[PDB]
Amino acid sequence: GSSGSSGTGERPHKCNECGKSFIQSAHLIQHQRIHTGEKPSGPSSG
Ligand SMILES: [Zn+2]
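FYI, in the authors' numbering the residues of the sequence shown are 1 to 46.
Here it is in structure tokens:
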């Protein structure tokens, strides 16, 4: 059991991709991007 992000000082917003955290949502909503980029090659229509 690797305890991570356990202690004092937490945020109401956390990334579901890696697990990071941010004070404001706008901060996270933007970060999550680093995980999902643009792939116009994929077959997925649209
Ligand atoms: Zn992340």
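Every residue gets a Cβ at the ideal spot worked out from N, C-alpha and C, and that includes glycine.
Going by Cα to Cα distance, which pick from the options is closest to residue i?
{"i": "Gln24", "options": "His35, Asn16, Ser2, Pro12", "result": "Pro12"}
{"i": "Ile34", "options": "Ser44, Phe22, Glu17", "result": "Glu17"}
{"i": "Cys15", "options": "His31, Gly37, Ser2, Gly46", "result": "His31"}
For ligand 1, I want to know if residue i counts as a neighbour, meaning its beta carbon is within less than 7 Å of at least one of the ligand's heavy atoms.
{"i": "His35", "result": "yes"}
{"i": "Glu38", "result": "no"}
{"i": "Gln30", "result": "no"}
{"i": "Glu10", "result": "no"}
How close, in whole Å, do the beta carbons of residue i and residue j come, if the pair is a contact with beta carbons under 8 Å?
{"i": "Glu10", "j": "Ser21", "result": "7 Å"}
{"i": "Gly19", "j": "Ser5", "result": "6 Å"}
Near residue i, which residues of its chain fall below 8 Å by C-beta distance, leaving aside the five closest residues on each side in sequence?
{"i": "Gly1", "result": "none"}
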